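The structure appears right after this line, and notes come after that.
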Amino acid sequence: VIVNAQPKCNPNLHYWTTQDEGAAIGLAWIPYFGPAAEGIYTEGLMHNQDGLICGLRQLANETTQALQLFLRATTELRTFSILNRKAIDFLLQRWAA
Amino acid sequence: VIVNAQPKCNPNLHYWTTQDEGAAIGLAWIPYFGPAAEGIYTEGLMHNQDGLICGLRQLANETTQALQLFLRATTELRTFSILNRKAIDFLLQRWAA
Amino acid sequence: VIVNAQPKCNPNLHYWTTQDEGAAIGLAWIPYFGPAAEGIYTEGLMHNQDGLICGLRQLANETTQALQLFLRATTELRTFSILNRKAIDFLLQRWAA
Amino acid sequence: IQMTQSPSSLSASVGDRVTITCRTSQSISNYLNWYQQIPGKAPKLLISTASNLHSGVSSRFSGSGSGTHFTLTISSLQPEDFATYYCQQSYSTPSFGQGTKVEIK
Amino acid sequence: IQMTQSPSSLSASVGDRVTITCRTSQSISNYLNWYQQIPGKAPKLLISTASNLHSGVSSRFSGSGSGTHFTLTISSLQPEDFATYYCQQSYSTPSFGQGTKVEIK
Amino acid sequence: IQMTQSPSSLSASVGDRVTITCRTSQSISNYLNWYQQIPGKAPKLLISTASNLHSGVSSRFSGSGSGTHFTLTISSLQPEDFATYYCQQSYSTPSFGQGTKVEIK
Amino acid sequence: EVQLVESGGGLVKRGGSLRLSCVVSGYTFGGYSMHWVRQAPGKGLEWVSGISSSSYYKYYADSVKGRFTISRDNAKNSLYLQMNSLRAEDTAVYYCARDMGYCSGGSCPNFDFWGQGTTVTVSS
Amino acid sequence: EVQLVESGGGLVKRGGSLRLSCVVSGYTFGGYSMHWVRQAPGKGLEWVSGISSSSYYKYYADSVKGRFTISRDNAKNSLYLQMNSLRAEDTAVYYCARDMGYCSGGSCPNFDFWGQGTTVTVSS
Amino acid sequence: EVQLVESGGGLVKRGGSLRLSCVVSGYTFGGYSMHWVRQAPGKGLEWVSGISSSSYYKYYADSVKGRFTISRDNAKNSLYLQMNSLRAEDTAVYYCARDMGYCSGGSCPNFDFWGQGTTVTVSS
Amino acid sequence: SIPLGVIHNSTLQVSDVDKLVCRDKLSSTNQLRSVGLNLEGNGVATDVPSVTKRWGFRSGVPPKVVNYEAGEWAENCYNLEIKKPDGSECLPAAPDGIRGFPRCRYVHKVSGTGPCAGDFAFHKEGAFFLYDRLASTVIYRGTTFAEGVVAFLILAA
Amino acid sequence: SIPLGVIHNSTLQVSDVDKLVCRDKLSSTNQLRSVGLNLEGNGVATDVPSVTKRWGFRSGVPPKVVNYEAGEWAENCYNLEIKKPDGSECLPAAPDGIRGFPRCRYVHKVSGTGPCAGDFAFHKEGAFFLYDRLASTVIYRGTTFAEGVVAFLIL
Amino acid sequence: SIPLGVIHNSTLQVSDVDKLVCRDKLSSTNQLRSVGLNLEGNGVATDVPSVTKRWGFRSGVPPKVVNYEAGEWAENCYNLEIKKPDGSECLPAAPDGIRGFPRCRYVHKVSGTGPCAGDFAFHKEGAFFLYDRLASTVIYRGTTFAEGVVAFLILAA
């Protein structure tokens, strides 16, 4: 349902994350022996599959305004609980009352 | 079931809040073009309808002690999660069978 | 399921806590008339019910590594929401689809 | 908390002054109450917060004190004022007094 | 926001230069647009953002201004340049102008 | 991490001291273990932590070293101490060495 | 006029149980907290327990903890006390009392109106 | 070439209802926001309402707030307006217009494509 | 005395699968972690995999990752390894070994107790 | 042990967890509400010497705060600034994110000395000091506040 | 009123809050993701005099921040240090827990003097400054940042 | 990937985080508990020179903290104060909300100079330093702590 309207959209996605790594072998998990601040990231690459990336960019561009309006009407300094709240209302809609 | 026992109770409530406004038109939602800190409030007024306001005052006056007792037993500095916890227990109570 | 493997495990547990005190009589709940910083703890003592206290001194030891890894993949300074997330996943696993 | 009263018993005639004391083992600011009971009758409230006279009580009665010393005073005896007096506290868990009976000579 | 464009009617001969003004009661930086309408036809767009010409329009039209004062200018009339004009703003809820008509002598 | 041992092979008589060395491509502090295997049988543990004798092994064996250089030493040879010797690390994913054999002349 | 009437007292066997009721007329029952007091034959006064206006806070004394139960009903203007595992020290005269609410739930009672009292005795 | 065609206008009685449609062909429908404009018997112009691309944001004017409804469909490239509780001042000529998206939800309209305008008349 | 006995080895064709077992008697099996080692004829010793005391952490080798599966049973004091997609290099002798638990999950092993090993050959 | 009250047909009823009928409906997290009310709406006196009598200094307890969503128009506000006789300050500086009360018509400002015994000033009755959407247990320096209490509600369906 | 998009069969669809769909399966809290995307992937000019034009000073509004999980490789980054003509710093110091962008090749560091009328620098478009897993609203002194926007998804 | 152990009459079963097997009832948030246990109860030596060997300095990693509910009476506690030879400090100041361990009989205080190579002090085994209801991974100056580990349980009630 999303159609891009930017002049350009790079169809290549080159990302970095942190993941979880599940378990480890050796003395790595001990903070005395483990990596430094830079070195905890995992790279990757994805290809444009039916215009996923350009639609993603359009989605972010559409989200920004509502995000700013929500941030205006709060008192916290740092916010971490948007996703947990989304889960709670998703659970409250169907299974409640 | 709540009966007011104060010497007097004001039956008119003149209140303010912030709301969210949902959508905005113009350059209003940009923090560079938007209002100052004072100017985000929406006002109202309500009349006594079967002693709602006096019962409300009684309810707050009753709640204060349990509120203080709950607050004594934590190590935080600011609390934002009372309502989320209330929702979590309200959901947990019924979904066991 | 858990079998202890330390050279020595103490079979007596002498602990402390804070609890919530439910309701209080007198002027104790008011912070002006209440206790000091130390004096809010309630004590107790527990004996080695069959394979319970010592089998509980291993479950902690096994855990630490996983916990440490979790703390590596986060940006917060203090964490208070592990058990709430545990409850949310317990609710989501059974109640979905 | 322990309550102490002195004198335990007393006999007096019409026209004198009666001074009584109540004592405790702690410092409880001014959370004290005084009660009067006639034998065969339920107790009755008197001055509250150690100095606040109630409604309908004659002005002759007067209480005072704070900290660990509290004194009640009656200025002019009357024939129907021969009964027992108690003190009660509310700073912590409630606890009444031991009593004091006034009599005639 | 309310606008004030004047004069409301002008008449000039071919080869003249016409200058019109649009005024506002508030400061709206440079969010202003100009429009032209032939009577019987839907309106057509002109310069935007107070200095940016559209595509396919003649270079005879030129507008400028800022803040509260904005002026549009045409350098040479044509037999097909007799129509109605408008100015519009978008800083807040949209609001149009009143109109100004060019005539012949 | 690569493992290097030297000498690869050696032969000597009863009553002679034997010295073997193990080297790594990194620094692994002191997480090195020594092992001995006789043909036809499974391996057997020896000094651990690079300086700690096991329980049930004769006092003749002794090892030392640190950093990138670790050594094992037998003070007196015995007719039944002709076997093959290994060094192992556990700082990262485990990896043994290649081997070293002692014989008779 | 504030009127309080007690009922339920009597004579019972050892190890039994009892129920006392207090009925109040004269004002709004739902805005105040209530308490129970006792006096043994030729002895002093002792405090038993108390309740709150919304039935959210309940209090008990150490000597009767685990044996006594309190309740109230605002609609019918009634107060109830249930006594269990009756011992020899439970022969006395009992009163129901009302207080001026200087605290938030009934923490600091100042009794201002008293009832008449009822007699309960247990023995062979 | 971009083509915009309006339809649905005409004559209605007092207090009735009406619906209007705008059809667009010539370019990508789903990437832009649309708006409605109207003109009187010979006075200036006035703005009515506007919608967004994903149908998440809607806007309305004070003079028609609580009376109109706006909608769109990207499947057949259609724009719909529904008007209820019609009064004498709603006799005019209506246009559906397109704007360049300089703002996130479609809040900063700079109209660049217009239609041709239909007529609505309501009287006795 | 500590006794570990291995079983399951034999002769198999290419592309097949196998299951090896290691059974221990002499002490409390529930407080320790197991490991597997192998050695090919005329070659050195190679570490493969291992498990933890409560079956919560599992480790695999890059040369084997995606092909083998390790499991344990505390009640029967048994250890099992499942080998799938056997190439020609997987002909060797395998040992099961016990380690001293100097680390939290079994990530820094120091083998001290070995078994006897079993031989697996794959060829035509 | 926090109590909450439900509102239906303009009737208020305080309910606990187990007493919760199936009629009760909560379909969003926007129904939960928190509201702070003032004490001057109960008839309490508002004169300056008649309210300074309820604040007292102590040392040995740490402070705590909670948050607000709504409010109520106030007639009287207070803004204190107190110093020790030698020239020291008696009250702590405000932290980050603390601002004065938004809407009240009058403001009484007081500057003077005093015998500060403890470290923090508490309310001898167990009520709260009200700031901009934050309700505390102590008093911060130079910030306009009100006096009141808090309530938690479930709004009408 | 935050919108989120669902992905199915390599198709991105913006679900409606009002309409509830039984096809949605959420079985854990690991399927909720937040991603930050760059503006330079949309053809916007990245040259230095062409980007210092969209940052403006204001006084009267407080800042707010959010958090990240994922990222994106960048090619241009900025690192500002501006002082008042008398020598006063125009930008606040960084708070605790704030670090620069990890993975970007070029870094344009700029130091000079400007007319700092306001107190905080805002974006004239409504976009976010991107740091190490924290998306802010203002600019912090001496920290490397990117320009981008934020999206929320259900995997 | 945090595991939790459930308690029935068969003691501490570590049954998988998928809380399956039908007969498993959770009905409130008070059944979830977190407890910290000390290392000295396992036979570890507690003398001063025999514990100072497991603390080592490093630079390049930031610290993190978690929270507690319950505890256990301790026999030995430590209170460090370390300085560099030039006279500068080696350990950071405690943040607000950090207080020492509540209940232990003996406290060893140590003050002396040493070669602080790194910035923060870590444990060479992956254990936690214990404070008043908060567990950290570093050492704050002048605060009494214990050494132990943390476990998360759900009760049987």
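Summary table below
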item	result
Residue within the stretch D:4-25 that is under 26 Å from G:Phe113 (Cα atoms), of a type in the set (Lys, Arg) and either surrounded by fewer than 12 Cβ atoms within 10 Å (Cβ to Cβ) or more than 14 Å from the chain's Cα centre (by Cα) (or both) present	no
Any hit, the stretch E:70-83, residues being away from chain H (no Cβ under 14 Å), more than 17 Å from E:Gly15 (Cα to Cα), part of a loop (DSSP other than H, G, I, E, B) and out of contact with any strand residue (DSSP E or B) (no Cβ under 6 Å at 6 or more places or on another chain)	no
Within the stretch L:77-102, tally of residues that are within 30 Å of L:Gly43 (Cα to Cα), more than 14 Å from chain C (Cβ to nearest Cβ) and without any contact (Cβ under 8 Å) to a residue 60 or more places away in the chain	2
Yes/no for B:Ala5 being more than 16 Å from the chain's Cα centre (by Cα), of a type outside the set (D, E, K, R) and away from chain G (no Cβ under 14 Å)	no
Number of positions in the stretch D:50-64 that are in contact with a strand residue (DSSP E or B) (Cβ under 7 Å, 6 or more places away or on another chain) and free of Cβ contacts under 8 Å to residues at least 24 places away in the same chain	9
Members of the stretch K:103-132 found to be surrounded by fewer than 18 Cβ atoms within 10 Å (Cβ to Cβ), assigned to a loop (DSSP other than H, G, I, E, B) and away from chain B (no Cβ under 14 Å), listed by number	K:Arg103, K:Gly114, K:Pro115, K:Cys116
Selected residue [of a type in the set (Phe, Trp, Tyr) and under 20 Å from the mean Cα position of the chain (by Cα)] from A:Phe33, A:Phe90	A:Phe90
Sole exception among (1) without any contact (Cβ under 8 Å) to a residue 60 or more places away in the chain; (2) under 25 Å from the mean Cα position of the chain (by Cα); (3) more than 9 Å from chain C (Cβ to nearest Cβ) for L:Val14, by number	(3)
D:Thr21 in contact with a strand residue (DSSP E or B) (Cβ under 9 Å, 6 or more places away or on another chain), part of a strand (DSSP E or B) and free of Cβ contacts under 8 Å to residues at least 60 places away in the same chain	yes
Looking only at the stretch F:44-60, and only at residues there that are under 24 Å from F:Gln2 (Cα atoms) and over 12 Å from the mean Cα position of the chain (by Cα), the one that is surrounded by the fewest Cβ atoms within 10 Å (Cβ to Cβ)	F:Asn52
Residue that is facing another protein chain (nearest Cβ under 10 Å), surrounded by 15 or more Cβ atoms within 10 Å (Cβ to Cβ) and within 22 Å of C:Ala66 (Cα to Cα), where the choices are L:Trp55, L:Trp73	L:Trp55
Cβ-Cβ under 6 Å pairs, at least 6 apart or on other chains, the stretch E:67-78 side of a type in the set (A, V, I, L, M, F, W, C), far side crowded, with 18+ Cβ neighbours inside 10 Å	E:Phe70/E:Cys22; E:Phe70/E:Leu32; E:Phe70/E:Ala50; E:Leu72/E:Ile20; E:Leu72/E:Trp34; E:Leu72/E:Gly63
Extreme residue, surrounded by the most Cβ atoms within 10 Å (Cβ to Cβ), among residues of the stretch L:1-51 that are of a type in the set (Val, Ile, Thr) and assigned to a helix (DSSP H, G or I)	L:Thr29
Residue list for the stretch H:1-26, filter: surrounded by 13 or more Cβ atoms within 10 Å (Cβ to Cβ) and closer than 20 Å to E:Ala42 by Cα	H:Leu4, H:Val5, H:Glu6, H:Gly8, H:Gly9, H:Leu20, H:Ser21, H:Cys22, H:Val23, H:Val24
Residue match in the stretch A:67-89 (condition: within 14 Å of chain H (Cβ to nearest Cβ) and in contact with a strand residue (DSSP E or B) (Cβ under 7 Å, 6 or more places away or on another chain))	yes
Residue ID - surrounded by the fewest Cβ atoms within 10 Å (Cβ to Cβ), chosen from residues in the stretch B:8-20 that are facing another protein chain (nearest Cβ under 7 Å), touching a helix residue (DSSP H, G or I) at 6+ places or on another chain (Cβ under 9 Å) and not hydrophobic (A, V, I, L, M, F, W, C)	B:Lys8
Qualifying position, being touching a residue at least 24 places away in the same chain (Cβ under 8 Å) and either not in a loop (DSSP other than H, G, I, E, B) or not polar (S, T, N, Q) (or both), among C:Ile25, C:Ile53	C:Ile53
Residues (within 23 Å of F:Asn30 (Cβ to Cβ) and among the aromatic types (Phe, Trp, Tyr)) located in the stretch L:109-143	L:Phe122
Residue in the stretch E:86-104 that is surrounded by fewer than 12 Cβ atoms within 10 Å (Cβ to Cβ), at positive phi and not aliphatic (A, V, I, L, M) present	no
Residues of the stretch D:92-105 satisfying the condition of being in contact with a strand residue (DSSP E or B) (Cβ under 9 Å, 6 or more places away or on another chain) and closer than 25 Å to G:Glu46 by Cβ	D:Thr93, D:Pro94, D:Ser95, D:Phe96, D:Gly97, D:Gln98, D:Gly99, D:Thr100, D:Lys101, D:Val102
Exclusive hit being over 24 Å from H:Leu11 (Cα atoms) and not polar (S, T, N, Q), set H:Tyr57, H:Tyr95, H:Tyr80	H:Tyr57
Filtered residue count, the stretch H:11-63, keeping only those that are over 21 Å from H:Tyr102 (Cβ atoms) and within 14 Å of chain A (Cβ to nearest Cβ)	0
Selection from the stretch G:98-110 of residues that are more than 14 Å from chain B (Cβ to nearest Cβ), surrounded by fewer than 21 Cβ atoms within 10 Å (Cβ to Cβ) and touching a residue at least 40 places away in the same chain (Cβ under 8 Å)	none
Checklist (1) touching a strand residue (DSSP E or B) at 6+ places or on another chain (Cβ under 6 Å); (2) surrounded by 15 or more Cβ atoms within 10 Å (Cβ to Cβ); (3) not in a strand (DSSP E or B) applied to K:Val61, failing item	(1)
Answer residue from the stretch B:40-61, given it is more than 7 Å from chain J (Cβ to nearest Cβ), surrounded by 14 or more Cβ atoms within 10 Å (Cβ to Cβ) and over 15 Å from the mean Cα position of the chain (by Cα) and is nearest to L:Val21 (Cα to Cα) among those	B:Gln58
Those residues of the stretch E:26-43 which are surrounded by 15 or more Cβ atoms within 10 Å (Cβ to Cβ), outside any strand (DSSP E or B) and among the aliphatic types (A, V, I, L, M), in sequence order	E:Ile28, E:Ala42
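Table: residues versus (1) touching a residue at least 60 places away in the same chain (Cβ under 8 Å); (2) assigned to a loop (DSSP other than H, G, I, E, B); (3) small (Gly, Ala, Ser).
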| position | (1), (2), (3) |
| --- | --- |
| B:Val3 | no, yes, no |
| B:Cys9 | no, yes, no |
| B:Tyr32 | no, yes, no |
| B:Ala36 | no, yes, yes |
| B:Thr63 | no, no, no |
| B:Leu91 | no, no, no |
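Rule-based calculations on the coordinates, nothing more; no lab input. Cβ: placed from backbone, ideal geometry, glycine included. Neighbour counts: every protein chain shown.
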